[PDB]
Amino acid sequence: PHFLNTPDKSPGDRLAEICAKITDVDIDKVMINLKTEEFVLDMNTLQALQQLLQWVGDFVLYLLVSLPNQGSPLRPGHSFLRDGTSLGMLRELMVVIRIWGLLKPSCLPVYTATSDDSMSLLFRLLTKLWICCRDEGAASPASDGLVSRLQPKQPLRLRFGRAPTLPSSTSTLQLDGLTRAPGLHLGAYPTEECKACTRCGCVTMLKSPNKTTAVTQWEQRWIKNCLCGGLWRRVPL
Amino acid sequence: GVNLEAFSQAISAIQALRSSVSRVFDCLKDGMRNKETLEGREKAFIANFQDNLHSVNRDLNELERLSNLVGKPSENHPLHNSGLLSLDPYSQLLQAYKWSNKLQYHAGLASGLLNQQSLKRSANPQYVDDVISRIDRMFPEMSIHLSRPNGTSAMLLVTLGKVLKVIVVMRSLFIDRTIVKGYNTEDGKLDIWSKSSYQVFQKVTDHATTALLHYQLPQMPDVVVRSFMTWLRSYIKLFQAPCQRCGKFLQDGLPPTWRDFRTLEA
């Protein structure tokens, strides 16, 4: 809905979802297949591409790397996501972010450098994983060997916002009024806390002003109730 | 051949440069933690940058040292490593060298430390004297010679650079009864008991008697005489006087602490 687009036959935002029936590799062909004109809404694209769109750019890579390590002492390792619908939404996000990066040079990083087109390879891998996930089919061959190859670009150590629990299992607990008892990416985390840092109920810990210009849509979305964490909380530095 | 110290200093300087670059780029990875009045991180940044500049300057200065690497390919070390392949099946020789150096240094340090031994008390050879005298005379600018005119007494005489010769008597061990005299002597055909001076070498004779009564060790008289001689050698300059001026009195000398200063100040 961020699209301040031009006239269209019916809901130009829905074409990004209808793009499911497309080719596997070379998203450059898929974009010309679907549409390329009415996907530029604001010339000030430098609002969420470098700061916010890095999340998906790292999450696609972390999901691709987690595939050949099923032997890890964890059922999904970190995450599995073998449903397909989420993978399709990821591919649609990749298409629209490719269009964005074509419109403006502030695209998602190659995460270091030297991809000869890192987005092209990432999209090829996404589609190769997505084809045998779509509608009641087996899943992965050459994909397992391709994900094994790591360019001179791949980082790690993603945030992955989690929430501490309260495991008062079955017996008793003894807390105090203070002295806690031991038993999110839009910046929002320098090396040492130096801002408001308005935490939330579970994981968020987002800053209050956010020091931005035109991404206030997320702010208005988060000022009110949240993902069962609407109880936003202020925590000092 | 003092290039080993320069090489160690250069190694330390390069390690310091690497560590300083690492510290700079690790601190730059962290903004102002908690200032609440003004960002004092700029001070730490400037300090780290100045430290990097200091390390670079230290490396540039150490570059001036290390004149040249001589030939002599390891100084007769290659005998079986670079020699016949049968001979080197060799590390035994290098291991022995290193172990001997370590043992020597460790024993020296242990002796110097245990010099303050907890020995409660002592309860329950006119051939080595010439050898000890020659070994002591082997030092430079310390031409001495013993006469032994009367009995087994070693009535030797020393003279370093000046005509301030010292007729230091001995007793075949724990030499005592010294008398210093400058600018002519030996009257008749032997030494003398003159002790004549200009009210300056009298203080020198007093200090020498104090030293002879000071270095009285329980054993090892050779080390005693060697220490006595290296203590006496300090009188070759007479051009220093800390804690006072150069001419606070007529004379100036009392180096038991290896630093001669004006008398009547200790």
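Residues numbered from 1 in each chain as written, not as in the entry; some residues may be left out. Chains lettered and ligands numbered in written order. Part of a larger assembly, values for the part shown. Heavy atoms only, no water. Residues with missing side-chain atoms left out of burial classes, pairs and counts.

cryo-EM is the method the PDB entry lists for this structure, together with a resolution of 4.02 Å.

Chain B is annotated in the PDB entry as Mediator of RNA polymerase II transcription subunit 27 of Mus musculus. Under its PDB header, the title given for this structure is "Atomic model of the mammalian Mediator complex". Heading Subcellular location of the UniProt record for chain B holds this comment: "Nucleus". The Sequence similarities field of the UniProt record for chain B holds the comment "Belongs to the Mediator complex subunit 27 family." (UniProt positions renumbered as here; feature names shortened; annotations may be inferred.)

If you look chain A up in the PDB entry, it shows as Mediator of RNA polymerase II transcription subunit 16 from Mus musculus.

Moving on: the packing of aromatic side chains. Centroid distance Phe3 of chain A to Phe39 of chain A: 5.4 Å. Interplanar angle 90 degrees. Geometry classified as edge-to-face. Of the two residues, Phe3 of chain A sits in the segment before α1 (15–18) while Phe39 of chain A sits in the loop between α2 (27–34) and α3 (54–65), which places them 36 residues apart along the sequence. Centre to centre, the rings of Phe228 of chain B and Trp231 of chain B are 6.2 Å apart; their planes meet at 25 degrees, and the pair counts as stacked. One end of the pair, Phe228 of chain B, and the other, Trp231 of chain B, are both in helix α6 (residues 221–232), three residues apart, so they sit about a helical turn from each other. An aromatic cluster of at least three residues, connected via ring pairs, comprises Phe228, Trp231 and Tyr235 of chain B. Lying over the aromatic face of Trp130 of chain A, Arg134 of chain A brings its terminal NZ or CZ to 5.9 Å of the ring centre. (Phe/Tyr/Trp six-rings, centres within 6.5 Å; stacked < 30°, edge-to-face > 60°. Helix = DSSP H or I, 4+ residues; strand = E, 2+ residues; numbered from the N terminus. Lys NZ or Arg CZ within 6 Å of the ring centre and 35° of its normal.)

With that out of the way, let us pick up the interface of chain B and chain A. On the side of chain A, five residues touch chain B, which itself brings six residues to the contact. Residue composition of the side of chain B that touches chain A, grouped by class: one nonpolar, two polar and three charged. (Contact = heavy atoms within 4.5 Å. Nonpolar A, V, L, I, M, F, W, Y, C, P; charged D, E, K, R; others polar.)

To continue, consider the packing of helix α4 (residues 85–103) of chain A against helix α5 (residues 118–131) of chain A. Residue and element names in this part refer to chain A. At a minimum axis separation of 10 Å, α4 and α5 run at an interaxial angle of 155 degrees. Regarding the angle of α4 to α5, the classification is roughly antiparallel. In this structure, α4 meets α5 at a crossing whose hand is left-handed. For the pair α4 and α5, the contacting residues are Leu87, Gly88, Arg91, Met94 and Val95 in the first and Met119, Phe123, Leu126, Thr127 and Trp130 in the second. Looking at the contact of α4 with α5, its residues break down into seven nonpolar, two polar and one charged. (Axes fitted to C-alpha atoms, helices over the stretch in contact; angles between N-to-C directions. Parallel < 35°, antiparallel > 145°, perpendicular 65-115°, else oblique. Left-handed = near helix turned anticlockwise from the far one by under 90°.)

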